[PDB]
Amino acid sequence: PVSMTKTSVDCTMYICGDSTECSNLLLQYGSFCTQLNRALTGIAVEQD
Amino acid sequence: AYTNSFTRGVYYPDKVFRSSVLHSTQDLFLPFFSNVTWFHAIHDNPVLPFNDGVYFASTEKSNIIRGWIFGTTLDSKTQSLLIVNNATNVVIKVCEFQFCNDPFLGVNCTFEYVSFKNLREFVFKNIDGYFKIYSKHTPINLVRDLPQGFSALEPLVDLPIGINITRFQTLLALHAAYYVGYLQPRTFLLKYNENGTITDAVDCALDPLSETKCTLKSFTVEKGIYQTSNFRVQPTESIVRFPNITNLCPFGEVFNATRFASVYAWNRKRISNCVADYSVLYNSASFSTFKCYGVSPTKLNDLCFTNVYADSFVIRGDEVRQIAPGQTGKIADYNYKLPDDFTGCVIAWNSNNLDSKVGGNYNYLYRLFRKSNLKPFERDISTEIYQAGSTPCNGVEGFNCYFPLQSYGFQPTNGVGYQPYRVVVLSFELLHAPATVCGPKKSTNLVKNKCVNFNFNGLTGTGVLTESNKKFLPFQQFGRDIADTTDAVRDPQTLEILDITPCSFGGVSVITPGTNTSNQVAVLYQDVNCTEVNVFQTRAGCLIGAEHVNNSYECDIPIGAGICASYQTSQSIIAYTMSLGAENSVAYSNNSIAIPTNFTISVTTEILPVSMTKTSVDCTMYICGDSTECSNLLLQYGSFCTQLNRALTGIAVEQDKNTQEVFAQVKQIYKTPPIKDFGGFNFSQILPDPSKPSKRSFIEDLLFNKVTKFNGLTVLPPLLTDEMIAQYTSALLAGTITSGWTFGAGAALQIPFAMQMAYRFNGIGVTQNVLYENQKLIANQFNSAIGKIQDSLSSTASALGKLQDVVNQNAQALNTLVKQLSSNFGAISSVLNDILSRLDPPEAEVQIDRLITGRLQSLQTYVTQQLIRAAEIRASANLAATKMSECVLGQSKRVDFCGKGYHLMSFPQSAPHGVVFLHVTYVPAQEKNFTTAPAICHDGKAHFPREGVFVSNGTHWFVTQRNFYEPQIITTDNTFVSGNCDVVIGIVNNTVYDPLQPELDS
Ligand SMILES: *[C@@H]1O[C@H](CO)[C@@H](O)[C@H](O)[C@H]1NC(C)=O
Ligand SMILES: *[C@@H]1O[C@H](CO)[C@@H](O)[C@H](O)[C@H]1NC(C)=O
Ligand SMILES: *[C@@H]1O[C@H](CO)[C@@H](O)[C@H](O)[C@H]1NC(C)=O
Ligand SMILES: *[C@@H]1O[C@H](CO)[C@@H](O)[C@H](O)[C@H]1NC(C)=O
Ligand SMILES: *[C@@H]1O[C@H](CO)[C@@H](O)[C@H](O)[C@H]1NC(C)=O
Ligand SMILES: *[C@@H]1O[C@H](CO)[C@@H](O)[C@H](O)[C@H]1NC(C)=O
Ligand SMILES: *[C@@H]1O[C@H](CO)[C@@H](O)[C@H](O)[C@H]1NC(C)=O
């Protein structure tokens, strides 16, 4: 295997999809969405 | 009259000093380069919407504009402020002043305070009751309109009025040029300088440039692809689909029955074919207590449940808290037990008057004695006499004989907690029965191929509703997927299978070149079909902004599905099928050979992250910095942070081990000779310069120059400082300049650099004779190639990509740790001295525990992230150690392992937490077509070369090495005799000249 499936799983919509209140409570955790999205993006560009 | 609001309107969201740091906040500013209205001051004061604010600017020469009135009615009906400056006093009052018929200044008194060449900007506003006076006076040389320039707008005075303003009217002076920008709750990338003046700002929700600007946290964005947010097709309307129920449900019957059951025999009234509004329930104010455990106490009317139970039984006032999960007592253990996962809602209204006889209500029973505690939602009708003592009864009294059921005497003369009630615990359940009890919300038509807000029988979501062929059985109602989410539903009014699929969604990514190159904007909608959104549709999605090009180019900013975007010609953004290269068919046949007549020595900079900043956090200092209570509460987790400290110190020691394995493979001190008579190969740019104060290379100096805390986490200094890392690199360079591969294995053997290149040439199967034949030429090419390294390494910032990105990666890891010191994690504050200094210790274990589980989980993500990052660094560092061992400390025969081309050697160069290798490679340049045959037959015997390839230019046959055209006549010290000419295909007639033949003939 040279690559996995290039999953681009977004933090806010995966955890609180189609929701504003849950995304507001989730951004109160600080950066976990931005380093998780950067981690998935780094994974995707790593398969590329 | 419209104006481009160029740069004006930036103020301080807060007045906390910051330096060389970019803070992002949500606040009310007007957008940059936006549309603002242009006014004159001849013969205009309409009441504009100050919905959340505007920005004022004045071109003034005689002080005509002098005041403002802001408010919601602005007619002394509400509290409205007036501003006058009578050349000596500043007067800002909201008191009941006499305003004129047309409000001007000449040329509810609760707030108890009673007393061109100039651009004036004033923003009077209210945020949370603060009245901020924002002021700035700025000289200019400009007359046409508002100037282009940056101006921080600072607060001066905060006054206690706290006034609603939704629309405002300017104040004139009778015997006003201004601008109106509608502010929005937008997020803003703000820049502070070291002197504390806000020098720039970005409204970053405006255009793709600014969206990249505040997602990359920088005012200058590199050319590339960046995901900024998510695109979701918003529902345009709401569809409600409920069964065609026509009967009002007897909820009022189980509230207003002539009699209610006891807790000994409470009823299960099961409900189907009903409409439940609950609006009459909430409109009734009779509820004494409403402890609604599974579902919201207020938000229930729109919700639909599958089945409901009315568990009506009468119990005392002090016992109303015992109808709860986890509660115990006589009633909770002997009469009615609720499960710990009870999903429902408990009802009890103020009801002393109805289920209470004036002579005593005697018909309600309860169980006070039982040998075992009862089960959740079971019904026990058993009347067996409870066994208390020792001897049994044959229906008599005495020992072991009381009736286990006895009744309440309900009289109005009882105590206030002992009062009778019509408590009726409507034991709601959310199960997955056929959903019947829905709020009315009259239905609408079934839309197709358009995602809207649907609520099918209490099940909500977003998606399109299409017809399906999915053959339901008549009892079955809902569909599920492999991921057990809802796949199909049946419309409960018309019996049709409705497929549910959420519409096209996805993150938005942005194509943008450098801001130092362009400001042209582009957006990408991936996996969206170009209906629901100079528009291009591809397999990757809907691309808006770039014109589609049938001509194919090399990929610069990747898009997806083979599409790539770039910036070219007059320049513009283009979209195209990306090239896989130049379309170059090879000139194959059975007899076609290509061998290069010319070569070049190319040098490639394989730069490798070998090491990392030895970050080490402290259980005390980082997690619970200078706090005895928090350090104790972290040791409450036991050895947990101790293996974290062990792991981080392990990362430090193995980083030292990586550096030792790549550099201190050398056992001695090697120093360069005072003369650099290196056979034409000047190394004073790659070798340390004695004229330099620190003995490092010149290219290392540009690797130190062009490419380059105290708050609980420290950095450990390396065991190897930068100067003596440079000393080890100088040692490795010296060993591979005067000693080559020998000092890697054993004793230092002095070997010339000409010998190293000549023998390294042999390694890749090209003969070393070419090197001494063109020594001056390749000295020129290699020196100028190192000069091209110097030029590229000094000109392009992208040449340091693989170390700049990793040093930045560690920087963002540390920076996210730093940002968790702002993150609250559910605690009310993020600074630990603040949270400890204001919380009493018993609730401080709770607050500190939330903060440290958040801090420790973020630190856990951090330490695992650098554990896998140090695994990547250590994999690339064992790669670097084998690279140095086989490519510096020896010659590698691994093709394409030491950069593109036939590897010759490599030159270590120290760099900030990394190694730069100067891999010299052999790359062929110019080639010719020749005719070739597998073998040459000479005297009935087939001939094969020991080294090299048979070729012919069409006139004479030659044997030549596979990577350089050196034609010689076929000679038996280059070929050998084998086999016969009758078997091999493609063999040609020739003669093979034995070098022994002229010796024996002469
Ligand atoms: C900020 O303050 C320093 C300190 O006097 C001053 O020298 C400088 O000119 C100011 N302005 C800047 C850095 O733009
Ligand atoms: C109830 O809904 C069904 C939908 O199929 C419809 O055919 C029927 O006429 C409706 N009846 C009333 C009284 O609204
Ligand atoms: C995109 O929408 C058009 C509009 O009708 C349609 O013809 C085309 O099939 C769609 N593309 C895909 C991949 O379904
Ligand atoms: C082959 O091409 C290289 C390219 O620079 C040149 O330096 C060299 O002199 C050429 N050799 C011959 C034999 O033409
Ligand atoms: C050193 O390298 C420079 C290249 O800038 C060259 O001009 C000079 O002749 C070299 N000196 C020696 C002694 O090789
Ligand atoms: C394949 O090789 C044979 C023998 O060298 C030759 O006769 C034949 O023409 C070749 N095929 C082509 C397409 O040239
Ligand atoms: C030359 O090659 C041919 C095959 O094409 C072979 O039959 C013959 O014996 C060879 N030698 C000669 C003609 O001397």
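Residue numbering: from 1, along the chain as shown.
Structure method, as recorded: electron microscopy, 4.0 Å.
Quick reminder: no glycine exception, Cβ is built from N, Cα and C everywhere.
When secondary structure is read from DSSP and collapsed to three states, B:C109 (disulfide bond) falls in the coil class. Taken from Swiss-Prot, the feature disulfide bond applies to B:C95-B:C109 (among others), supported by experimental evidence.
Taken from Swiss-Prot, the feature disulfide bond applies to B:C204-B:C214 (among others), supported by experimental evidence. Taking the Cβ of B:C204 (disulfide bond) as centre and 10 Å as the limit, one finds 24 other Cβ atoms among all the protein chains shown.
Sequence annotations record features per position, and here Swiss-Prot assigns disulfide bond to B:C292-B:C345 (among others). According to its DSSP assignment, B:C345 (disulfide bond) is coil.
A sphere of 10 angstroms centred on the C-beta of B:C304 (disulfide bond) encloses 21 other C-beta atoms. Taken from Swiss-Prot, the feature disulfide bond covers B:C304-B:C438 (among others).
The annotation disulfide bond is assigned in Swiss-Prot to B:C393-B:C401 (among others) on the grounds of experimental evidence. Cβ neighbour count for B:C393 (disulfide bond) (all protein chains, 10 Å cutoff from its Cβ): 13.
In three-state terms derived from DSSP, B:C451 (disulfide bond) belongs to neither a helical nor a strand segment and is classed as coil. Summarising the annotation, Swiss-Prot assigns disulfide bond to B:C451-B:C503 (among others).
Positions annotated as disulfide bond by Swiss-Prot, on the basis of experimental evidence: B:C530-B:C542 (among others). Around the Cβ of B:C530 (disulfide bond), 14 further Cβ atoms fall within 10 Å across all displayed protein chains. In three-state terms derived from DSSP, B:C530 (disulfide bond) belongs to neither a helical nor a strand segment and is classed as coil.
For B:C564 (disulfide bond), the same-chain residues that are 6 or more apart in sequence and have a Cβ closer than 8 Å to its Cβ are B:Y553, B:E554, B:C555, B:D556, B:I557, B:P558, B:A575, B:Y576, B:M578. As annotated by Swiss-Prot, disulfide bond applies to B:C555-B:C564 (among others).
If you look up Swiss-Prot, you'll see B:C619-B:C641 (among others) marked as disulfide bond, on the strength of experimental evidence. B:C619 (disulfide bond) falls within a helical segment according to DSSP. Long-range C-beta contacts of B:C619 (disulfide bond), restricted to its own chain and to partners at least six residues apart, with a cutoff below 8 Å, comprise B:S631, B:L634, B:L635, B:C641, B:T642, B:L644, B:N645.
Its own atom aside, the Cβ of B:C630 (disulfide bond) has 25 Cβ atoms within 10 angstroms in the protein chains shown. As annotated by Swiss-Prot, disulfide bond applies to B:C624-B:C630 (among others).
What Swiss-Prot records for B:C887-B:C898 (among others) is disulfide bond. Counting every protein chain shown, the number of other Cβ atoms lying within 10 Å of the Cβ of B:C898 (disulfide bond) is 24.
Marked as disulfide bond by Swiss-Prot: B:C937-B:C981 (among others). Taking a C-beta cut-off of under 8 Å and a sequence gap of six or more, B:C981 (disulfide bond) has these contacts in its own chain: B:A935, B:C937, B:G940, B:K941, B:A942, B:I987.
The domain 'BetaCoV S1-CTD' annotation in Swiss-Prot covers B:247-440 and is backed by experimental evidence.
Sequence-distant neighbours of B:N35 (N-linked glycosylation site): residues of the same chain at least 6 apart with a C-beta under 8 Å from its C-beta are B:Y2, B:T3, B:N4, B:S5. Annotation comment: Swiss-Prot describes B:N35 (among others) as N-linked glycosylation site.
The N-linked glycosylation site feature in Swiss-Prot is assigned to B:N86 (among others); the stated evidence is experimental evidence. Shown in sequence order, the list is empty: the chain has no residue 6+ apart in sequence with a C-beta less than 8 angstroms from the C-beta of B:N86 (N-linked glycosylation site).
As annotated by Swiss-Prot, N-linked glycosylation site applies to B:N108 (among others), with the evidence given as experimental evidence. Remark: B:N108 (N-linked glycosylation site) has B:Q79, B:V94, B:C95, B:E96 as non-local neighbours, by Cβ distance under 8 Å and separation of at least 6 in sequence.
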What three-state class does DSSP give B:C937 (disulfide bond)?
strand
Within 10 angstroms of the C-beta of B:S238 (O-linked glycosylation site), what count of other C-beta atoms is obtained when all protein chains are considered?
12
Excluding the flanking five residues on each side, which residues at least 6 beyond the ends of the region 'Disordered' (B:432-454) place their CB within less than 8 Å of a CB in that stretch?
233, 235-243, 245, 249, 271-278, 301-308, 460-467, 477, 491, 493, 496, 498, 500, 502-503
Between B:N529 (N-linked glycosylation site) and B:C503 (disulfide bond), what C-alpha distance do you get in Å?
10
Coarse DSSP state, helix versus strand versus coil, of B:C555 (disulfide bond):
coil
Most crowded position, judged by CB atoms within 10 A, among B:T569, B:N929, B:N989 as glycosylation sites:
B:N929
Take the Cβ of B:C937 (disulfide bond) and count every other Cβ within 10 Å, whichever protein chain it belongs to.
20
I'd like to know which of the recorded positions B:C109, B:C451, B:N550 sit within 10 A of B:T236 (O-linked glycosylation site) at the Cα level.
B:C451
Should we count any of the recorded positions B:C451, B:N682, B:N989 as near ligand 7, judged by a CB under 6 A from one of its atoms, and which?
B:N989
Is it possible to get the count of other C-beta atoms within 10 angstroms of the C-beta of B:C214 (disulfide bond)?
20
Tell me which recorded positions (B:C95, B:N529, B:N682) have a Cβ under 6 A from ligand 3; sequence order is fine.
B:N529
